[PDB]
Structure formats: structure tokens, C-alpha cells
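So the structure is just underneath, and the comments pick up after that.
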Amino acid sequence: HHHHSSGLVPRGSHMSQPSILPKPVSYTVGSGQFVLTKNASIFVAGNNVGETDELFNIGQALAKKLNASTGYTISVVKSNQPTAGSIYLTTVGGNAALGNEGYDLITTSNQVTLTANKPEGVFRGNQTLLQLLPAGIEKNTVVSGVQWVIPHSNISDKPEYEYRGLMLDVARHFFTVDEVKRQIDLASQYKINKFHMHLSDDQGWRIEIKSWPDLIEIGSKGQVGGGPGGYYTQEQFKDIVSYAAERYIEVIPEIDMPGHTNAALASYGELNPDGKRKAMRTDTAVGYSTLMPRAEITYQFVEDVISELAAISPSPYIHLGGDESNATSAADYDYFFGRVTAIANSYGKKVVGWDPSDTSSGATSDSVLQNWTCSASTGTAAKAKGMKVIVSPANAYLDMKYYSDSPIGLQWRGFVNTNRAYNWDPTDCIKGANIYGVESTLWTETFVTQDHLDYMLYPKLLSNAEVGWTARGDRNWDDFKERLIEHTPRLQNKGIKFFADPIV
Ligand SMILES: CC1=N[C@@H]2[C@@H](O)[C@H](O)[C@@H](CO)O[C@@H]2S1
């Protein structure tokens with residue numbers, strides 16, 4: 001048999017007919033079709049009144065999306081007797097084998113029926129439902145001239161990995177609450193279920209800490225290149241968390257330590273050995289900053305920050321960073337990370353950290369490793385300790401240029417086009433581990449606008465999202481590439497300023 005790899009498409013990028021992404025476990029089509037009309041209602045039914053109430057909220061979110069493009073006013077009804085032309089969302093009789101996030105989605109001529117184990121699974125299944133309707137449905141304004149049809153079809157689905165995440169760096173360049181909400185919303189449509197916020201680094205501190213007000217008053221006032229920066233009040237952070245929660249997305253906040261701490265060091269002189277504030281940094285260098293690993297003031301500061309953040313962040317996890325502590329000795333790093341893990345645990349939070357934080361003697365088997373280095377020795381400690389691992393290889397570093405000539409992005413991991421972002425497996429990063437899942441990381445050294453985010457995340461994130469959801473045995477670039485071409489109008493309709501990658 002003959003085989004080949006993909007080259008660029010001759011003559012440039014290519015960028016009734018559903019386009020489901022990520023690819024579901026099974027999808028069959030039969031004869032006939034369902035028509036969504038102005039008379040349609042969404043019926044919801046759970047196993048008890050409380051579950052029906054949660055399903056009702058999910059139905060209302062769906063109705064809002066459908067109403068925006070159809071111009072209809074679909075309403076939501078608490079009843080297990082759907083009428084002809086209805087969409088029906090239920091958890092009664094879910095197939096337990098599909099887990100919390102799995103669902104069956106069956107479309108007949110008279111009815112759309114989504115059956116799941118949990119409300120979460122009906123939410124994920126609704127992302128598929130939106131992809132079965134014609135392109136146009138994802139418009140934010142009324143579309144005329146399109147019959148709103150769904151083919152007679154049968155889908156069953158569930159994720160391969162539990163953790164399917166996106167990290168946004170808001171320290172290097174700041175993005176508004178609206179901009180952040182929009183990226184969460186877009187990611188949710190591709191079944192991303194985790195959002196990691198890199199809230200602090202050398203060039204800025206982005207979270208209000210009432211006990212240390214100069215973190216904002218001084219530490220938030222810049223960014224890479226010297227723009228004005230910005231920050232989130234605690235109320236704005238809670239608002240983001242609440243918005244994510246409506247999409248069944250866990251928000252994991254990161255306060256990076258003991259390295260990548262210049263902004264804190266520029267806010268409070270007492271955090272530095274000579275008692276003087278550091279100058280703010282607007283360059284892109286890394287590795288040079290450190291908290292004082294043997295000063296009690298350091299641990300007081302960390303405990304105050306953790307206390308306030310834990311109070312407003314319901315996730316059982318806090319990310320304490322731990323990357324590129326090149327101004328911290330190995331002995332001091334071991335000690336520091338063990339101490340801050342104890343502080344986090346005392347506030348009821350488990351710790352996530354970049355490699356090499358798993359090597360800390362103070363880590364527990366409840367700690368999580370985010371393995372970005374993905375070398376043979378990375379996560380040896382994590383594996384021995386029974387720690388879950390989130391993988392972020394080169395292929396998930398979405399801030400990398402697509403090509404040598406990309407107008408934005410970095411290239412210290414090489415270039416990452418849409419193909420590279422697809423053609424990998426979590427076991428390529430680390431073998432013999434408990435892989436919790438995957439996280440796409442969007443660092444923002446070179447991204448200043450919403451259009452820059454869109455351009456780098458789309459279509460790259462779609463590739464990573466399929467790697468997280470779809471089983472390896474069912475992943476194939478030639479398949480995905482053709483499905484992506486078909487999906488392109490939907491990206492356009494959503495207002496995403498995506499890159500038309502010539503490999504697609
Ligand atoms: C972990 C990591 N720490 C660094 C980040 O601070 C940079 O922003 C990123 C840019 O790609 O490179 C490595 S990844």
C-alpha cells in the first residue's frame with residue numbers, strides 16, 4: 001500500500017451538510033429531515049425538578065442562539081411530552097457508558113431528541129446540534145433565505161480526555177472582560193471544557209488583591225510594549241467564572257511563582273532583597289525574576305493572594321506556575337514550591353504547576369503537572385507520585401507562527417500550522433502517565449488585538465480540540481482537513497478573523 005503526507009494546497013487555501021467538529025464517536029444519516037420552524041419549542045425533562053430546572057437554563061441558552069439567526073422566538077417548556085417540530089432535551093434514561101459529558105442525539109422528521117446522563121452532556125450535545133443545522137445558524141443577526149433543516153440522523157458521543165483546555169495570557173497584553181468572554185464562548189462551541197487564565201507575569205498583574213492594593217495601582221499599569229495595561233476587579237473575575245460556568249467550563253486561575261514575578265516585585269519593594277521596587281518591564285525576556293525563597297514576607301504575600309483568590313474561585317484547582325525560575329536555585333525551588341503547595345492545600349485548593357514543579361518534595365498525588373517540555377525525563381516525578389498530567393506540547397503552543405512568514409507569533413518551538421496542531425497524540429508528550437488531558441496555550445507577547453487572538457486560535461484550536469475529544473483511532477488529517485474546509489463558512493458567520501491556512 002501507498003501512503004503520503006500533506007503539502008500546501010495548489011492555488012491557495014480552500015478556506016443537508018452538517019460539519020461536526022470535534023468528530024463524534026458515531027454519526028449516521030438516514031432518509032428524511034427535520035425542519036426548524038417559527039412554531040418550534042424546546043422541551044426539557046430531567047429525573048427530578050432540580051435537574052429539570054438546570055436543563056431549562058440550558059434550553060434557554062440554546063433558544064437564544066437559535067433565535068439570533070432564525071429570527072424566531074423559540075421558548076422553553078418543562079414537559080416530557082414534546083410536540084411535532086420540537087427539540088427535546090432530556091437526562092431521563094441516559095446511557096451511563098457515555099459519562100458526564102456524553103450524549104445520544106437523534107433527529108427524526110418530527111423531533112430532535114438529545115439524551116444524556118447529566119445536564120453537562122446535554123450542553124456538549126447542543127454544540128453538535130448547532131453544527132447539524134445549516135451554516136447561517138451561527139450568525140448573530142437574522143439570516144433570510146435559508147430553510148432551517150437537519151438531516152434524519154443518529155449520533156452517539158463522549159470525550160476521549162476529561163481535560164480539554166485553553167489558556168489565555170492576559171499579563172503580556174491585557175484583554176477586556178468582553179474579549180475574554182467571547183473567547184470562552186467560541187471555545188465552548190468546540191467542546192473545550194477548561195479555561196486557564198495566566199493572570200500575572202513579569203509585565204503585569206491582572207487580579208485585584210485587596211490586602212496588597214499596589215499590585216493593581218502599580219503592577220497593572222503596563223504590558224509588553226508599554227500600552228496602558230488593565231486588570232480585573234474581583235467582581236469582574238467572578239463574572240468571568242459565572243459566564244464560564246454556564247458553558248460547563250471550569251476556570252483555573254494562575255498566579256505564576258516563584259519566577260515570572262517582576263510585576264509583583266515592581267509593586268512592593270519589601271518583596272525584593274534590597275527593599276526597593278523593581279522597574280516595570282515591557283520587554284519579552286523571561287527567566288530573570290524571583291521571589292525571595294527564604295524570606296517569611298514571601299510566604300505571607302503568597303498566602304494573602306491565595307486566600308483572596310480561593311474566596312472567589314470555585315474551581316478545586318489553583319495554578320501556581322513554576323516555569324522558568326532561572327534565578328531560583330534548585331534547592332530553593334524545591335523548598336518554595338512545597339511551601340506554597342501547603343498554603344494552597346490549607347485553603348482547600350489542589351495545585352497545578354508547569355514542569356519541573358512535580359519534582360518538588362512538597363507535591364502530593366493530588367497536585368497536577370502541566371507538562372509543556374515533553375522530554376523523556378519530564379514528569380518522572382509526577383508519574384512516580386501518581387499525579388495527573390495535562391499535556392501542552394509544541395503542537396498545543398498556539399502562539400507559534402503558522403509559517404516562517406506569519407505576521408505575528410513566536411517560533412521558539414518551531415512553526416505550528418493547522419496540520420501540526422492536529423497530527424499528534426498526548427502519549428507523544430509523555431508515556432506511562434495518567435493523562436488528565438490537553439491544554440492549548442495562547443501566550444500573548446506578540447498579540448495585542450482581538451483579531452490577533454482570532455487569527456492564531458482559529459483554525460489551530462479546532463485541531464487541538466479534536467485531539468482532546470476524538471479517540472486516536474478515529475483521527476485522520478485527510479478526513480479532518482476536508483471537514484475543516486466544509487466548516488469554514490461557519491467560522492466566517494461567527495465573525496472569527498481566522499487565518500486561511502494554505503495547508504487546508
Ligand atoms: C511554561 C512557559 N513559560 C514561557 C512563557 O512565559 C512564554 O510566554 C512562552 C511563549 O511561548 O514560552 C514559555 S512556555
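Note on naming: chains are A, B, ... as they come in the C-alpha cells, residues start from 1 per chain, ligands start from 1 in the order shown.
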Nearby residues (only C-alpha atoms) at most 6 Å from stretch 310-326 of chain A, same-chain spacing under 2 positions excluded, as an NGL selection string: :A and (252-257 or 259 or 287 or 306-308 or 328 or 349-354 or 357)
Check every protein, DNA and RNA residue against ligand 1, keep those with an atom at most 10 Å away (counting only C-alpha atoms and all ligand atoms), and present them as a PyMOL selection string. chain A and resi 169+171-172+198+201-202+256+259-260+284-287+321-325+353-356+370-373+392-394+397-400+409-413+441-446
Selected residues, C-alpha atoms, written as a short mmCIF file (atom, residue, chain, number, x, y, z; two decimals), in the first residue's frame, please.
data_model
loop_
_atom_site.label_atom_id
_atom_site.label_comp_id
_atom_site.auth_asym_id
_atom_site.auth_seq_id
_atom_site.Cartn_x
_atom_site.Cartn_y
_atom_site.Cartn_z
CA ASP A 169 -2.18 35.04 28.76
CA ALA A 171 -0.42 39.56 31.56
CA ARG A 172 1.68 40.24 28.44
CA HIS A 198 -2.49 33.37 33.19
CA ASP A 201 3.76 37.70 34.91
CA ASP A 202 6.77 39.99 34.56
CA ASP A 256 2.89 32.25 38.49
CA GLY A 259 9.58 33.06 38.67
CA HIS A 260 7.75 35.35 36.22
CA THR A 284 9.70 39.97 26.30
CA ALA A 285 12.68 38.42 28.18
CA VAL A 286 11.95 35.51 30.55
CA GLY A 287 13.65 33.66 33.45
CA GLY A 321 3.02 28.31 37.68
CA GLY A 322 6.61 27.23 38.44
CA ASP A 323 8.12 27.64 34.96
CA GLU A 324 11.49 29.24 34.09
CA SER A 325 12.61 30.04 37.66
CA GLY A 353 2.10 23.72 38.03
CA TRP A 354 4.30 23.73 34.94
CA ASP A 355 7.22 21.28 34.82
CA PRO A 356 9.51 20.99 36.73
CA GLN A 370 1.23 20.69 33.23
CA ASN A 371 3.90 19.10 31.07
CA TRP A 372 4.99 21.62 28.41
CA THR A 373 8.61 20.41 27.94
CA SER A 392 0.92 21.10 26.29
CA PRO A 393 3.49 20.05 23.63
CA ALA A 394 4.79 22.24 20.74
CA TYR A 397 1.53 26.11 21.63
CA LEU A 398 -0.87 28.13 19.52
CA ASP A 399 1.18 31.33 19.89
CA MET A 400 3.73 29.79 17.46
CA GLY A 409 3.61 34.84 16.84
CA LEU A 410 6.79 33.32 18.26
CA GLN A 411 8.89 30.44 16.95
CA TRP A 412 10.99 29.03 19.79
CA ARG A 413 9.07 25.69 19.37
CA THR A 441 -1.70 27.71 25.44
CA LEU A 442 -2.04 31.16 23.90
CA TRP A 443 0.85 33.31 25.21
CA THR A 444 0.49 36.98 24.19
CA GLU A 445 3.98 38.55 23.75
CA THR A 446 3.03 39.48 20.19
#
Which distance in Å separates atom CA of residue A:50 and atom CA of residue A:81, to one decimal? 18.3 Å
Can you tell me which residues surround residue A:249 at a distance of at most 12 Å, considering only C-alpha atoms, apart from same-chain residues fewer than 5 positions away, and format the answer as number ranges by chain? A: 101, 120, 123-124, 162-166, 181, 184-196, 240-244, 314-315
For residue A:29, which residue among A:330, A:435, A:150, A:49 is the nearest when counting only C-alpha atoms? A:150
Would you mind writing down, as number ranges by chain, each residue of stretch 79-215 of chain A that DSSP on the backbone assigns to strand (DSSP E or B)? A: 86-90, 103-107, 111-116, 149-157, 163-169, 194-198, 200, 205, 207
N, CA, C and O atoms of the current selection, written as a short mmCIF file (atom, residue, chain, number, x, y, z; two decimals), in the first residue's frame:
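Writing done, so here's selection_36.cif:
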data_model
loop_
_atom_site.label_atom_id
_atom_site.label_comp_id
_atom_site.auth_asym_id
_atom_site.auth_seq_id
_atom_site.Cartn_x
_atom_site.Cartn_y
_atom_site.Cartn_z
N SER A 86 -40.60 19.85 17.65
CA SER A 86 -39.90 20.25 18.87
C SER A 86 -38.44 19.77 18.91
O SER A 86 -38.06 18.82 18.22
N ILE A 87 -37.65 20.47 19.70
CA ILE A 87 -36.36 19.96 20.15
C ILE A 87 -36.60 19.53 21.60
O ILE A 87 -37.24 20.25 22.37
N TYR A 88 -36.08 18.37 21.96
CA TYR A 88 -36.33 17.78 23.27
C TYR A 88 -35.00 17.43 23.91
O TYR A 88 -34.20 16.68 23.35
N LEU A 89 -34.78 17.97 25.10
CA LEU A 89 -33.54 17.74 25.84
C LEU A 89 -33.87 17.01 27.12
O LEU A 89 -34.67 17.50 27.94
N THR A 90 -33.27 15.83 27.29
CA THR A 90 -33.57 15.03 28.45
C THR A 90 -32.38 14.27 29.03
O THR A 90 -31.43 13.92 28.31
N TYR A 103 -23.54 11.94 25.20
CA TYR A 103 -24.94 12.15 24.81
C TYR A 103 -25.24 11.28 23.58
O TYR A 103 -24.33 10.91 22.83
N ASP A 104 -26.52 11.00 23.39
CA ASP A 104 -27.06 10.50 22.12
C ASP A 104 -27.87 11.65 21.55
O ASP A 104 -28.56 12.39 22.28
N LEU A 105 -27.81 11.82 20.23
CA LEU A 105 -28.51 12.90 19.61
C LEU A 105 -29.18 12.33 18.37
O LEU A 105 -28.49 12.02 17.39
N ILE A 106 -30.50 12.20 18.44
CA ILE A 106 -31.27 11.56 17.39
C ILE A 106 -32.28 12.53 16.79
O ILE A 106 -33.14 13.09 17.49
N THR A 107 -32.15 12.74 15.48
CA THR A 107 -33.04 13.63 14.74
C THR A 107 -33.94 12.81 13.82
O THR A 107 -33.46 12.04 12.99
N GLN A 111 -38.96 15.36 15.27
CA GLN A 111 -38.37 15.71 16.57
C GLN A 111 -36.85 15.56 16.63
O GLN A 111 -36.27 14.61 16.09
N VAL A 112 -36.21 16.51 17.31
CA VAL A 112 -34.81 16.39 17.72
C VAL A 112 -34.81 15.98 19.20
O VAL A 112 -35.42 16.65 20.04
N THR A 113 -34.14 14.87 19.50
CA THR A 113 -34.04 14.37 20.88
C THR A 113 -32.59 14.19 21.32
O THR A 113 -31.85 13.36 20.75
N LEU A 114 -32.22 14.95 22.34
CA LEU A 114 -30.89 14.85 22.90
C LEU A 114 -31.03 14.17 24.26
O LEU A 114 -31.74 14.68 25.13
N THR A 115 -30.39 13.02 24.42
CA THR A 115 -30.48 12.21 25.63
C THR A 115 -29.10 12.07 26.24
O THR A 115 -28.19 11.55 25.59
N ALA A 116 -28.95 12.52 27.46
CA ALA A 116 -27.64 12.48 28.14
C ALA A 116 -27.79 11.97 29.58
O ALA A 116 -28.92 11.80 30.09
N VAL A 149 -33.03 23.22 8.19
CA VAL A 149 -33.24 21.76 8.18
C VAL A 149 -32.14 20.98 8.87
O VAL A 149 -31.00 21.43 8.91
N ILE A 150 -32.49 19.80 9.40
CA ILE A 150 -31.49 18.87 9.95
C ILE A 150 -31.75 17.50 9.32
O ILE A 150 -32.89 17.03 9.35
N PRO A 151 -30.70 16.84 8.78
CA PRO A 151 -30.95 15.51 8.22
C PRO A 151 -31.37 14.53 9.32
O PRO A 151 -30.92 14.64 10.46
N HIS A 152 -32.27 13.61 8.98
CA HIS A 152 -32.52 12.44 9.82
C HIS A 152 -31.17 11.83 10.18
O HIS A 152 -30.38 11.47 9.29
N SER A 153 -30.87 11.72 11.47
CA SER A 153 -29.52 11.32 11.86
C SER A 153 -29.44 10.75 13.27
O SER A 153 -30.34 10.96 14.09
N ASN A 154 -28.36 10.02 13.51
CA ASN A 154 -28.13 9.33 14.79
C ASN A 154 -26.68 9.52 15.20
O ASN A 154 -25.76 9.10 14.49
N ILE A 155 -26.49 10.20 16.33
CA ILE A 155 -25.16 10.45 16.86
C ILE A 155 -25.07 9.91 18.29
O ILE A 155 -26.00 10.09 19.09
N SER A 156 -23.96 9.22 18.58
CA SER A 156 -23.58 8.95 19.97
C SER A 156 -22.18 9.50 20.15
O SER A 156 -21.39 9.52 19.18
N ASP A 157 -21.87 9.97 21.35
CA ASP A 157 -20.61 10.70 21.56
C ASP A 157 -20.22 10.77 23.03
O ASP A 157 -21.09 10.65 23.92
N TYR A 163 -9.93 16.50 30.45
CA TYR A 163 -9.46 17.88 30.49
C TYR A 163 -9.13 18.34 29.06
O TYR A 163 -8.23 17.80 28.42
N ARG A 164 -9.87 19.33 28.57
CA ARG A 164 -9.68 19.84 27.21
C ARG A 164 -9.68 21.35 27.31
O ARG A 164 -10.74 21.98 27.34
N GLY A 165 -8.48 21.94 27.41
CA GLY A 165 -8.39 23.31 27.87
C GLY A 165 -7.78 24.34 26.92
O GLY A 165 -7.10 24.00 25.94
N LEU A 166 -8.05 25.59 27.24
CA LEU A 166 -7.40 26.74 26.59
C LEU A 166 -6.84 27.64 27.69
O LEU A 166 -7.58 27.96 28.63
N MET A 167 -5.58 28.06 27.55
CA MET A 167 -5.00 29.11 28.40
C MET A 167 -4.89 30.43 27.62
O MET A 167 -4.39 30.45 26.49
N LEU A 168 -5.41 31.51 28.20
CA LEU A 168 -5.13 32.83 27.67
C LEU A 168 -4.20 33.61 28.62
O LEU A 168 -4.45 33.71 29.84
N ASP A 169 -3.12 34.14 28.05
CA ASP A 169 -2.18 35.04 28.76
C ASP A 169 -2.75 36.47 28.69
O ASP A 169 -2.82 37.07 27.61
N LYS A 194 -12.36 23.65 29.75
CA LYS A 194 -11.47 24.21 30.77
C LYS A 194 -10.87 25.51 30.26
O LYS A 194 -10.45 25.57 29.10
N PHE A 195 -10.82 26.54 31.11
CA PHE A 195 -10.18 27.80 30.74
C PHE A 195 -9.19 28.21 31.84
O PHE A 195 -9.59 28.49 32.98
N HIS A 196 -7.91 28.22 31.47
CA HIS A 196 -6.79 28.60 32.34
C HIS A 196 -6.41 30.08 32.08
O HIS A 196 -6.09 30.46 30.94
N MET A 197 -6.47 30.92 33.12
CA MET A 197 -6.13 32.34 32.97
C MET A 197 -4.78 32.61 33.59
O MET A 197 -4.58 32.42 34.81
N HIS A 198 -3.83 33.00 32.74
CA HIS A 198 -2.49 33.37 33.19
C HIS A 198 -2.58 34.85 33.58
O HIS A 198 -2.45 35.74 32.75
N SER A 200 -0.86 36.74 35.90
CA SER A 200 0.30 37.50 36.37
C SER A 200 1.55 37.06 35.68
O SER A 200 1.73 35.87 35.39
N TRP A 205 0.27 42.55 36.39
CA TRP A 205 -0.50 41.80 37.38
C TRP A 205 -1.97 42.18 37.13
O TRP A 205 -2.30 43.38 37.12
N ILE A 207 -5.06 40.76 38.57
CA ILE A 207 -6.14 40.46 39.53
C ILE A 207 -6.11 41.32 40.82
O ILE A 207 -5.10 41.37 41.53
#
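We find atom CA of residue A:145 and atom CA of residue A:59 to be spaced 25.5 Å apart.
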